[PDB]
């Protein structure tokens, strides 16, 4: 139940970068759980609150 | 875990006869013809569950 | 009489051409700055810009 403290292991995070137009193909898609993510710069919560 | 199949799905045995070449908007797409409705769907998108 | 209106301090030929310019500057064909986009995931068989 407790909040984790040590850095947890995570699924690999493939970054789809969808544009105006693109040719989606699904050969060699991974079967393991995976994090689809559309944007590059998602480390957006920078401003720390002591 | 084995995800249960959803209420709307139709069971369909795979067979080489189901899949074929076809014209669809100037491309030779790999159409699948649904055995019940008989309808051909060239695109992987929009096929019946 | 020349003082009653500045006429924006432009010559009469300038105002006359100017009205034609105003016809030019509102023609729908020139208005190729477009406003707003629809985002929608969708196969692009048979494209047409319209």
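All Cβ positions, even for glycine, are placed from backbone atoms using ideal geometry, and neighbour counts span all protein chains on display. Rule-based calculations on the coordinates, nothing more; no lab input.
If you take the residues of region B:12-29 that are surrounded by 13 or more Cβ atoms within 10 Å (Cβ to Cβ) and away from chain C (no Cβ under 14 Å), which of them is nearest to residue C:45 (Cα to Cα)?
Only one residue tops the list, namely B:20.
Is it fair to say residue B:2 is away from every other protein chain (no Cβ under 14 Å), on the phi < 0 side of the Ramachandran plot and surrounded by 10 or more Cβ atoms within 10 Å (Cβ to Cβ)?
For residue B:2, the condition - away from every other protein chain (no Cβ under 14 Å), on the phi < 0 side of the Ramachandran plot and surrounded by 10 or more Cβ atoms within 10 Å (Cβ to Cβ) - is not met.
Rundown of residues vs (1) farther than 30 Å from residue A:33 by Cα; (2) under 11 Å from the mean Cα position of the chain (by Cα); (3) assigned to a loop (DSSP other than H, G, I, E, B), yes/no style:
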| site | (1), (2), (3) |
| --- | --- |
| B:20 | yes, yes, no |
| B:30 | no, yes, no |
| B:46 | no, yes, yes |
| B:49 | no, yes, yes |
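Among the numbered criteria (1) at positive phi; (2) surrounded by 10 or more Cβ atoms within 10 Å (Cβ to Cβ); (3) within 14 Å of chain B (Cβ to nearest Cβ), which one does residue C:45 miss?
All conditions pass for residue C:45, except number (1).
Yes/no matrix, rows are residues, columns are (1) loosely packed, with under 10 Cβ neighbours inside 10 Å; (2) within 24 Å of residue B:43 (Cβ to Cβ); (3) in contact (Cβ under 8 Å) with a residue 24 or more places away in the chain:
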{"site": "A:1", "(1), (2), (3)": "yes, no, no"}
{"site": "A:19", "(1), (2), (3)": "yes, yes, no"}
{"site": "A:24", "(1), (2), (3)": "no, yes, no"}
{"site": "A:37", "(1), (2), (3)": "no, no, yes"}
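Taking region B:30-46, which residues are within 14 Å of chain C (Cβ to nearest Cβ) and exposed (fewer than 12 other Cβ atoms within 10 Å of the Cβ)?
B:45, B:46, listed by residue number.
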